[PDB]
């Protein structure tokens, strides 16, 4: 297996010294740099850069600068995804985002782990844990979502949360560590 293949298979992989992955990260970082220095009202150019970054034709994906990602192509996006300022989709592990998702400012979606043992860590190895963000979700500002976490459809994550564990659907969850506080009634309003 190549190191990319290991990364995508939840295996330890050489994130720091694999040339292919280094080059892919460089591609993404240079696009993010361009995007981050493009006037917010230059709508067409921003759309072009977003679509180049994610290697997809986005449908109402609104990205407020600055933005960061590692690969770009490993973020799978639905439609109507609103990302406020200073977010980071750290996507060595796939980040899948549904439709109608509101992401507050200063949110970090982190799929990367390093070994706890410093000898193995210092060698550059990482293991990526995919993040799944359900459709119909809302994240307050200052949230961190950790590797391997799934947030269920219809759920709301309070500002400042550190999401260490999966959040069931149709739930309001807050805190460090983030815990369900109540269910959300999402039935069709009258």
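Residue numbers count along the first chain shown, from 1.
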| item | value |
| --- | --- |
| Mean temperature factor over C-alpha atoms, higher-scoring stretch between 105-113 and 72-80 | 72-80 |
| Between 42-50 and 146-154 (mean CA B-factor, as deposited), the higher | 42-50 |
| Record-listed C-alpha B factor of residue 137: chain third | lowest |
| Cα B factor band for residue 65 (lowest, middle or highest third within the chain) | highest |
| Third of chain Cα B-factors occupied by residue 15 | highest |
| Ranked C-alpha temperature factor of residue 174 among modelled chain residues, by third | lowest |
| Residue 57, C-alpha B-factor rank within chain (lowest, middle or highest third) | middle |
